[PDB]
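Before any comments, here is the structure.
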Amino acid sequence: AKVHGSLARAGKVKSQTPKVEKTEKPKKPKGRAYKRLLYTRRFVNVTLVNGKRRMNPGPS
Amino acid sequence: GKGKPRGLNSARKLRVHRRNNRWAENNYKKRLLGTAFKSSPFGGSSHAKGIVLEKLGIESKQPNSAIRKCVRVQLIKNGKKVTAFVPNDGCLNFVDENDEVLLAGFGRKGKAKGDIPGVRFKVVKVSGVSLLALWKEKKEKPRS
Amino acid sequence: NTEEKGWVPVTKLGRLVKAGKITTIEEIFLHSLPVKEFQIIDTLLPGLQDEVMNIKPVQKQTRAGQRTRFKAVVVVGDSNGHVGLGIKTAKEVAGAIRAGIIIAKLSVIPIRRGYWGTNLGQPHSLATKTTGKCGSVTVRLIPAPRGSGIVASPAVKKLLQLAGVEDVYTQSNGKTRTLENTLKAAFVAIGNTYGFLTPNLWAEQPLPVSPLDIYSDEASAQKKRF
Amino acid sequence: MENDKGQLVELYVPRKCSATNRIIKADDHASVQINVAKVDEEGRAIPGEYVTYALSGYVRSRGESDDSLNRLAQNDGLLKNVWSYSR
Amino acid sequence: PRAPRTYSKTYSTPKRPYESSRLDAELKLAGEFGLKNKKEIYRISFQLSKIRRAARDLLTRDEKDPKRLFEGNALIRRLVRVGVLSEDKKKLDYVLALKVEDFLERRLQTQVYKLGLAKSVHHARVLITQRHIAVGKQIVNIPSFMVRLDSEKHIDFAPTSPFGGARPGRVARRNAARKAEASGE
RNA sequence: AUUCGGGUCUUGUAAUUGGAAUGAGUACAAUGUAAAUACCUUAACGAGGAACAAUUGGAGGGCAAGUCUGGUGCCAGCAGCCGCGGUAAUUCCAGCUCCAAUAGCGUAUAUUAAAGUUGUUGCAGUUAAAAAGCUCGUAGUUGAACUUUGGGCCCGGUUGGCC
RNA sequence: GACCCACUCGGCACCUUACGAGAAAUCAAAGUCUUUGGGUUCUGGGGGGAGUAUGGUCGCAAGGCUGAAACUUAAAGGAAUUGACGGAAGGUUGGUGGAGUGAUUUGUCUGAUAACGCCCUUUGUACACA
């Protein structure tokens, strides 16, 4: 195939997109604590309607 | 009796037939003929380090219509003319004409990655820094 | 409101089930009496739960444009030792599923589960090496020792967990990706367990008398005006 | 068909065939059970009592079930001659 | 060069990594017993696996065989001294059955909770990994352990560190000295 | 269980808050050692948040987790495979939240398993690749049955239960 | 000598079943195979590249026989099914039940009865935005 091409657009999208920053938050407790936290949110109560459950619910 | 000889004292014909009929599969052929070492761009090694030649604008196949932005590279060891894709968004402006870059293969082992004709290698490092580190703003490229 | 339950015992088994003459399914299994109504095996043993398995669409080109339908493979079972596989196809999904469950309930089959080698309390594995076929897919079921688990594909594994087969090895041949064939093969295999003479079954029993003849005058197809 | 300590497990003991002794099974609908009533002097049927015969599905499919039934009932003793053992 | 110090890995990864049945069930164990990783579970299932295959290899040979007897009695007695298998089923066919739950029960992380005093299993783990508690005179600082039956009644707080005796600690030193007593000049 | 007494266990959510226990780390001493460094010890110190902060890959399907929010508009790119992008992207770029493994993960090339896709156990050869035009024929492979069973007499070890 | 009747061996094939086998179409053998061993010669391993190049060997020649790789691709095919098409031939839809491993078909049909309550049929198809 052809070698010539429009290389001027190399990194078009990476540049023009808006460069905002990360939000700081409360610290995620790591290791065994994280596992505990996972266990709690899963095996307590809250799930979606029907038999199936969504672990990451979208707000709607 | 199902084609092959089930004789007790006929091991010869069994082993010989198998040895004749092993020549079919990929791995057996690639190993015993010595095809990795004789032929092919790399010398049967994972990563081959190379210079460059020029930047390209590869016309991609249907249906995936785009331009891929690869590089023609001449290697150090054999010094064969090779084509090699450059990963991530942007990142062709990092590399220039003449520059020490360490290449890696795609994954598929020979032949095209996906939609890129002729190109069977990606990159890893440029000036010994990693493209992945540069794309993600971690490390800095040296001027020389 | 203006509702009523309405069992409607058509055929000769319905009346028997309603009256409560036959308590277990063992009699049915013995005499091979074909279960037409799905409500027979339901109230006969309430412990018979359920399960789904897989849903795939099946299409149909036509004059106007294109018809589409949904096939549902519904395997149902219970952890003692009875299972059913019910394949069904309909235009609605729920309608496909319900009908599939009905079909699965209709055609239930028991499993002759035994031991690996030693004799102990409670059977766990299959009695023999059984195999079932359907198209290219031949599924084989090999007996395994205690606490070995169900070493198989996720679908076949589920089918076996439903039955209450705790420990069993499996293999397969052909293009196993299709569950249409594979689960049918598994069903055929678990079915052929009872169609295999072990030495303990050579002890010839007297042939039990058919229960249909015992209660023919009492509960059967009566005339009845209104 | 038992466990170690007595207690007979293995639910449902299958029906053996009368003709070939192959196991007739749960799903198989081609199989048949013939019931023959017990006659005596003073004529008449005498209900309650039956000489039973379980014919298999295969035997019926193949189409030599008749011959088998002629054999089976004879050795019980309700056919003078009829079916010769020899051929 | 001298002879090598031999080595071999204790964990054994599963075949299929993303499966709905396994990931949900195994994480419950981790949440109950308070296991930090899945690696620990896999280790326990690897030891158990080895025991299982050994038992199977014992059972393929005939009864009243020299190999089957000796090895059986020692395997069974090992499983008894650790306390996984109780006295009722000392038959060799029962060790094939078994389960991972029993093994995790027998770990010293939870045996402190099963005794009591440590309130939560997580708290017990913390106590263990922070140099408190002891099997007898010998202090232990590792959650995973396998308590060897006789050791059960001797489990208590160590002589060093509080609860057992000795000094208070760091925080209490700061409260008693740097805060409480330091108010008066 | 005197049903109208107060709080042990709490299922989770809450920068609302009060103490408690430590290590990582700094180090008197001692030990350790050919002599040190470490380890093991342990005086004197050293947790409450940008503190002493854990990441690495993913979030269409395969494969576990998103039809959430803005930019881009077959362009840049992602994509092992199928395929996404022509201006509402559950696949791109970011951010929110979630999932995996977790002081460890990803990427290459080689290789083992799955591959009963080398097949002796254990493949296929009518039509999918494959039976050689057919016959002879040397090596090679394989090749009918038939050439002493039975009967006893004792001696006598091993299994399990009344003894 | 011929024919008829009954039996007989050796084939030429045929007609009906499906016991079994096969993914199917179909098969008295392609059966007696995961319940995977009667003996034994020959050939194949995704498709293109290529029955090409190179080498030998055979032949007066044409060609035969033996017979690759690099490179390239995510298919290629086989069977059957619904439509669609033909410059081929003739003149609507579920319920339950069968026929099938399904796609589906039968019903909803030759002009009775596996069914019970421009249009069509059969065949050909490498098309299936037809």
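Ordered as shown in the structure tokens, chains take letters A, B, and onward, while each chain numbers its residues from 1 and ligands are numbered from 1 in the order shown.
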Hey, list the chain E side of the contact with chain F: 7 Å cut-off, only C-alpha atoms (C1' of nucleotides), answer as a compact mmCIF listing (two decimals) with C-alpha atoms, in the first residue's frame.
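As a result, out23.txt now contains:
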```txt
# COMPACT_ATOMS: atom_id res chain seq x y z
CA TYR E 18 -13.07 -14.74 35.19
CA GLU E 19 -15.94 -16.91 36.36
CA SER E 20 -19.07 -15.73 38.13
CA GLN E 130 1.27 -6.65 65.80
```
For the alpha helix (DSSP H) assignment from backbone DSSP, which residues of region 41-70 of chain C qualify? Please present them as number ranges by chain. C: 41-44
Atom pair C1' of residue 118 (chain F) + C1' of residue 40 (chain G), distance 20.9 Å
* Determine, counting only C-alpha atoms (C1' of nucleotides), which protein, DNA and RNA residues have an atom within 10 Å of an atom of residue 4 (chain B); residues of the same chain fewer than 4 positions away are not included. Present the result as a PyMOL selection string. => (chain B and resi 13-14+17) or (chain F and resi 120) or (chain G and resi 40-41)
Using only C-alpha atoms, which residues of chain C come within 8 Å of chain E, and what is the closest atom pair for each, with the distance in Å to one decimal? Give it as JSON lines, sorted by chain and residue number.
```
{"residue": "C:145", "atom": "CA", "partner": "E:96", "partner_atom": "CA", "distance": 7.5}
{"residue": "C:146", "atom": "CA", "partner": "E:97", "partner_atom": "CA", "distance": 5.2}
{"residue": "C:147", "atom": "CA", "partner": "E:97", "partner_atom": "CA", "distance": 4.2}
{"residue": "C:148", "atom": "CA", "partner": "E:97", "partner_atom": "CA", "distance": 7.7}
```
- [ ] Extract, using only C-alpha atoms (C1' of nucleotides), all DNA, RNA and protein residues at most 10 Å from region 79-91 of chain E, discarding same-chain residues fewer than 3 positions from it, and format them as an MDAnalysis selection string.
- [x] chainID E and resid 51 72:76 94:95 98:107 145:151
| said: Need to verify the contact set: residue 62 (chain D), 12 Å, only C-alpha atoms (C1' of nucleotides), exclusion of same-chain residues closer than 3 positions in sequence. Can you return it as a ChimeraX atom specification? | reply: /D:30,56-59,65-68 /G:17-19
Subject >> Residue neighbourhood residue 12 (chain D), 10 Å, only C-alpha atoms (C1' of nucleotides), exclusion window fewer than 5 positions, as a PyMOL selection string >> reply: (chain C and resi 25-30+110-112+194) or (chain D and resi 26)
Export, as a PDB file, in the first residue's frame, the selected residues with N, CA and C atoms.
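Dumped to out-v2.pdb:
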```pdb
ATOM      1  N   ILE C  25     -42.657 -40.649  42.431  1.00  0.00           N
ATOM      2  CA  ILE C  25     -42.447 -40.722  40.976  1.00  0.00           C
ATOM      3  C   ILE C  25     -41.823 -42.055  40.553  1.00  0.00           C
ATOM      4  N   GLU C  26     -41.487 -42.876  41.546  1.00  0.00           N
ATOM      5  CA  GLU C  26     -40.779 -44.121  41.304  1.00  0.00           C
ATOM      6  C   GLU C  26     -41.642 -45.045  40.473  1.00  0.00           C
ATOM      7  N   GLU C  27     -42.930 -45.099  40.815  1.00  0.00           N
ATOM      8  CA  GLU C  27     -43.896 -45.922  40.091  1.00  0.00           C
ATOM      9  C   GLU C  27     -43.937 -45.528  38.618  1.00  0.00           C
ATOM     10  N   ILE C  28     -43.997 -44.218  38.385  1.00  0.00           N
ATOM     11  CA  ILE C  28     -44.037 -43.669  37.027  1.00  0.00           C
ATOM     12  C   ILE C  28     -42.787 -44.097  36.244  1.00  0.00           C
ATOM     13  N   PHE C  29     -41.642 -43.961  36.903  1.00  0.00           N
ATOM     14  CA  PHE C  29     -40.389 -44.297  36.273  1.00  0.00           C
ATOM     15  C   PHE C  29     -40.337 -45.777  35.921  1.00  0.00           C
ATOM     16  N   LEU C  30     -40.841 -46.631  36.821  1.00  0.00           N
ATOM     17  CA  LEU C  30     -40.903 -48.069  36.597  1.00  0.00           C
ATOM     18  C   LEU C  30     -41.691 -48.435  35.358  1.00  0.00           C
ATOM     19  N   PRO C 110     -34.550 -39.931  35.656  1.00  0.00           N
ATOM     20  CA  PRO C 110     -33.727 -40.090  36.872  1.00  0.00           C
ATOM     21  C   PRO C 110     -32.304 -40.523  36.540  1.00  0.00           C
ATOM     22  N   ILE C 111     -31.404 -40.429  37.517  1.00  0.00           N
ATOM     23  CA  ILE C 111     -29.993 -40.777  37.308  1.00  0.00           C
ATOM     24  C   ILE C 111     -29.527 -41.840  38.294  1.00  0.00           C
ATOM     25  N   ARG C 112     -28.960 -42.922  37.760  1.00  0.00           N
ATOM     26  CA  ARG C 112     -28.400 -43.993  38.576  1.00  0.00           C
ATOM     27  C   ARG C 112     -27.011 -43.579  39.057  1.00  0.00           C
ATOM     28  N   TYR C 194     -29.213 -45.737  33.710  1.00  0.00           N
ATOM     29  CA  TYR C 194     -30.157 -46.807  34.055  1.00  0.00           C
ATOM     30  C   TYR C 194     -30.279 -47.899  33.013  1.00  0.00           C
TER      31      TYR C 194
ATOM     32  N   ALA D  26     -36.806 -45.672  32.094  1.00  0.00           N
ATOM     33  CA  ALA D  26     -37.755 -44.623  32.451  1.00  0.00           C
ATOM     34  C   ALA D  26     -38.356 -43.892  31.246  1.00  0.00           C
TER      35      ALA D  26
END
```
**chain C residues near chain G (6 Å cut-off, only C-alpha atoms (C1' of nucleotides)) as a list in words** =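 Every residue meeting the condition is included here: residues 60, 61, 62, 134 and 135 of chain C.
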Quiz prompt | Exercise: region 68-71 of chain B partners within 8 Å, only C-alpha atoms (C1' of nucleotides), chain neighbours under 4 positions left out, as number ranges by chain | solution = A: 7, 10; B: 52-60, 83-86, 92, 116
Can you check which residues of region 38-124 of chain C DSSP gives as strand (DSSP E or B) on the backbone and send them as a VMD selection string?
chain C and resid 53 to 61 66 to 78 82 to 90 108 to 110 113 to 114
Would you mind exporting C-alpha atoms of the selected residues as a CSV table (one decimal), in the first residue's frame?
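The result, written out as result.csv:
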```csv
chain,number,residue,atom,x,y,z
C,53,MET,CA,-29.5,-22.1,30.8
C,54,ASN,CA,-29.1,-20.2,27.5
C,55,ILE,CA,-31.1,-17.9,25.2
C,56,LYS,CA,-30.2,-17.4,21.5
C,57,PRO,CA,-32.2,-15.7,18.6
C,58,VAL,CA,-33.1,-17.7,15.5
C,59,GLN,CA,-34.0,-15.8,12.3
C,60,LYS,CA,-36.1,-16.6,9.2
C,61,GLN,CA,-35.8,-14.7,5.9
C,66,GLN,CA,-37.4,-11.0,7.9
C,67,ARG,CA,-39.0,-12.9,10.8
C,68,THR,CA,-37.2,-13.4,14.1
C,69,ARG,CA,-37.7,-15.7,17.0
C,70,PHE,CA,-36.0,-16.5,20.3
C,71,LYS,CA,-34.9,-20.0,21.3
C,72,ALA,CA,-34.5,-20.7,25.0
C,73,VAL,CA,-32.7,-23.9,26.3
C,74,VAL,CA,-34.2,-24.4,29.8
C,75,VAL,CA,-32.7,-27.1,32.0
C,76,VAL,CA,-34.6,-27.8,35.1
C,77,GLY,CA,-33.7,-30.1,38.0
C,78,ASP,CA,-33.4,-30.9,41.7
C,82,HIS,CA,-33.9,-36.1,38.7
C,83,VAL,CA,-33.4,-33.7,35.8
C,84,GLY,CA,-35.1,-32.3,32.7
C,85,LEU,CA,-33.8,-30.5,29.5
C,86,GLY,CA,-36.3,-28.4,27.6
C,87,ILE,CA,-35.5,-26.7,24.4
C,88,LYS,CA,-38.2,-24.2,23.1
C,89,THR,CA,-38.5,-21.6,20.4
C,90,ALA,CA,-41.1,-18.7,20.3
C,108,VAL,CA,-37.9,-35.7,33.4
C,109,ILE,CA,-35.4,-38.6,33.8
C,110,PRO,CA,-33.7,-40.1,36.9
C,113,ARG,CA,-25.7,-42.5,40.8
C,114,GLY,CA,-23.2,-44.7,42.5
```
